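To keep things clear, I will list the structure first and then write my remarks on it.
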Ligand SMILES: Nc1ncnc2c1ncn2[C@@H]1O[C@H](COP(=O)(O)OP(=O)(O)NP(=O)(O)O)[C@@H](O)[C@H]1O
Ligand SMILES: Nc1ncnc2c1ncn2[C@@H]1O[C@H](COP(=O)(O)OP(=O)(O)O)[C@@H](O)[C@H]1O
Ligand SMILES: [Cl-]
Ligand SMILES: [Cl-]
Ligand SMILES: [Cl-]
Ligand SMILES: [Cl-]
Ligand SMILES: [Mg+2]
Ligand SMILES: [Mg+2]
């Protein structure tokens, strides 16, 4: 593998939740160890599972991984780090300012952005400690900071300006500006740091990666490698029609890699039978080769009961929000109700369903513009740039799009309104303090659906979203598990072994996460036409 040749002291892996960053990290950690290299593995995942995969406990201290000499691990809890980053700001004014104030400020430091800043604070600590390179040849992280987080800490304005929004965490950095600059310097030095983009052979995921690559490159990380994981081996597309549909779809994308990623050194890893759980299984990865859950139609029949309501589909990026939102809207309309679908991405398209397409790009720009008259007013040029970078945050689009959607939320009364994306609980809370919070919290009026995948990480990320939404008083009405192989028509041995891997995930969702659940299958054909869109739903036998 190219990504394993001549690794510098710092190696970071980046990619969406569940692409296999941690798995690949662990795998590489061993590979390097057995070549006689001293390796430090840094787990940075919310609820780390690296200790488990290595059958031991790890902690905020460097410990040896007895099951593989030459290797050691260290866990950096992001949640714990964020908690203490917030406390480091709030505790000092606790008791000097009123409670409702300390309360608001605390919320201002409970979003994804604070977590990102705090993680960067730990990364910097590691990156700026030479001694480590005295004890190790390689320090591997299973996640990487985003371009946004890097831009923010490299702005002159972040140090010389103050703003009357997610800039709150910035006053939490206690290290000198020089260390943050040193870190960024190390991340941009191809001699010290290699960035590995992890993706899948899915037209869509590649689009996101190509994007991350440009952002990180412009910033300075030009030592990048592409690792396409979970690829389906042709020696499987034989016999079973499903596997065949897939294998092509990938060979298709694989062959049409977005332009930007083309010039990137690339390696592909194979879809494995069982989800790794040991040195043996992990090592394999680097080589060269039905549940009792109702159909989506069942969820829709119960959403149809009231004959009206706001249907909001939520979840992480790529889990299929827009597709579930179109399937539901299409089904509701064919059941005879006036349905108004709202999307934030170009799709397509009886006269019972009307579709509103909003362009997040222009919505975001109207919003950014609006905030630059309000706040930018007395800021100096350096500060305006800090403000424009904060408005480059994930939630800026999130907020802007939600305000565009709100334009129609009014009709949730006469009919059904289906949306394919929503702001986080934290963001809803922020907007509330400044906007139909009451409507959203009402269980009769709104029905929030959480879309996720039958995989370990996507379920955890979804659980966390629900937890956040719950702090805002919104309780998801049901969960939709997408791309399921269990409920899939397949004679393909690997896909069957794969479908069997999903069971505990799907079981978790029904037993511990959702009031209601829907199981959708891996279509094996892009649900582009309302034809295949109607196929996702399945069927619900009428009863009394
Ligand atoms: N059940 C499915 N079977 C096969 N393909 C699917 C399924 N659900 C979604 N997809 C495909 O996966 C892609 C990504 O899902 P999509 O519905 O766009 O995501 P989303 O979560 O709205 N995206 P984003 O708004 O970008 O986070 C689409 O191109 C789909 O056709
Ligand atoms: N090529 C692959 N084939 C089969 N399973 C994989 C592959 N890559 C990862 N997985 C399995 O998938 C989940 C995806 O997870 P993971 O590495 O934890 O990463 P992350 O969330 O950091 O991207 C795990 O349950 C894992 O053991
Ligand atoms: Cl945030
Ligand atoms: Cl935040
Ligand atoms: Cl941020
Ligand atoms: Cl019925
Ligand atoms: Mg991970
Ligand atoms: Mg979408």
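What is reported rests on the model, the rules as stated and the sources as named; these are not laboratory values. As a convention, Cβ positions derive from the backbone with ideal geometry for all residues, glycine included, and neighbour counts pool all protein chains shown.
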Item to check | Qualifying residue in the stretch 21-30 (condition: part of a loop (DSSP other than H, G, I, E, B), in the same structural domain as residue 277 (by CATH) and more than 16 Å from ligand 8 (Cβ to nearest atom)) | outcome: no
Item to check | Top-ranked residue of the stretch 160-178 - restricted to ones that are surrounded by fewer than 16 Cβ atoms within 10 Å (Cβ to Cβ) and over 24 Å from residue 397 (Cβ atoms), ranked as nearest to ligand 5 (Cβ to nearest atom) | outcome: 171
Next on the checklist: Quick check on the stretch 86-128: of everything there that is assigned to a loop (DSSP other than H, G, I, E, B) and within 16 Å of ligand 3 (Cβ to nearest atom), which residue is surrounded by the most Cβ atoms within 10 Å (Cβ to Cβ)?
Outcome noted: 109
Checklist entry - Just to be sure, is residue 275 more than 28 Å from residue 342 (Cβ to Cβ), within 23 Å of the chain's Cα centre (by Cα) and not assigned by CATH to the domain that holds residue 461? => result yes
Checklist entry - Regarding residue 81, is this residue in contact with a strand residue (DSSP E or B) (Cβ under 8 Å, 6 or more places away or on another chain), surrounded by fewer than 21 Cβ atoms within 10 Å (Cβ to Cβ) and more than 27 Å from residue 267 (Cα to Cα)? => result no
Item to check | Single condition residue 365 does not satisfy, out of (1) assigned by CATH to the domain that holds residue 26; (2) assigned to a helix (DSSP H, G or I); (3) surrounded by fewer than 20 Cβ atoms within 10 Å (Cβ to Cβ) | outcome: (1)
Checklist outcome for this item: Here the residues within the stretch 261-280 that are part of a helix (DSSP H, G or I) and surrounded by 17 or more Cβ atoms within 10 Å (Cβ to Cβ) are 261, 279
Item to check | Qualifying positions in the stretch 297-325 - closer than 22 Å to residue 207 by Cα and assigned to a helix (DSSP H, G or I) | outcome: 321, 322, 323, 324, 325
